[PDB]
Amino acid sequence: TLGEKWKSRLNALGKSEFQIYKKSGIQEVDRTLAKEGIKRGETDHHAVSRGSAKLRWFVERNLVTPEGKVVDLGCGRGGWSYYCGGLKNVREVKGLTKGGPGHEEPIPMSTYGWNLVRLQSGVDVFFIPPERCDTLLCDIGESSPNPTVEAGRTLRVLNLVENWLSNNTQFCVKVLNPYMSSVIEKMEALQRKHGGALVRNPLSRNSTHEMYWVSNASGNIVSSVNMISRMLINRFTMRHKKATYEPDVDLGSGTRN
């Protein structure tokens, strides 16, 4: 596959060359003031991570429409959860994450709809019984310099979320490594069963081939993955290039009824 060629070439990059490549021609969120505020103890207004902006991209394009009971698998600090908490048709958000030493803890916030949002750490999501939900979010996948390792990890995530999906559930699931043959095969089957397609978020860094399986989209799996491999290869050739920034999400404040 093209992605394997990309991955091989990425792994051959020198340290400085890699850091440069990672950010070339990508989108970034202006996070400085929000982070400074969070550290100050401020709980209104702020996204807890750059993950809120990342989910906003899919949502404002209608590729996923969170509504009702939202489950957020691998919530971390709660960026996706808090974001979803403020959305018109959302009634409940449950976010679950590892946390603990070495991993990001949920951050208590008072952004708009926070009372709708419950976050628990100390949770391995692979061992919890699926619950009924109207939207399933998952942002899980640990990168590896070996794409076969990433394939194994992606398949586990895919079989994970397959257990939480019913007939007309909204969804946005990170596909850590969408280009490996075993993952293509699984995604093809999952698309027959549940529709949606793989979409590339321009806030993703060049060092990752991640695409997101979103419910409200169409597209041949192979072609959509290949298009991104090509793009990522093309980006090796950019010289003295850097990210373009955008303002952060304002998540407001106060409770919802």
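Residue numbers run from 1 along the displayed sequence. Note that the rigid core is defined as the largest set of C-alphas that superpose within 1.5 Å between two forms.
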Quiz prompt | Stretch with larger C-alpha RMS deviation in 5 other deposited structures of this protein, core superposed, 244-252 versus 231-239 | solution = 231-239
Quiz item: Can you tell me which stretch has the higher mean Cα B-factor, 201-209 or 220-228?
Solution: 220-228
Quiz item: Which has higher Cα B-factors on average according to the PDB entry: 139-147 or 113-121?
Solution: 113-121
Practice problem: Please rank the C-alpha B-factors of the chain's modelled residues and tell me whether residue 243 sits in the lowest, middle or highest third. | Solution: highest
Quiz item: Going by what the PDB entry lists, where does residue 51 fall on CA B-factor within its chain: lowest, middle or highest third?
Solution: lowest
Quiz item: Which third, lowest, middle or highest, does the CA B-factor of residue 7 fall in along this chain?
Solution: lowest
Self-check item: CA B-factor ranking of residue 62, expressed as a third of its chain
Solution: highest
Quiz prompt | Ranked C-alpha temperature factor of residue 98 among modelled chain residues, by third | solution = lowest
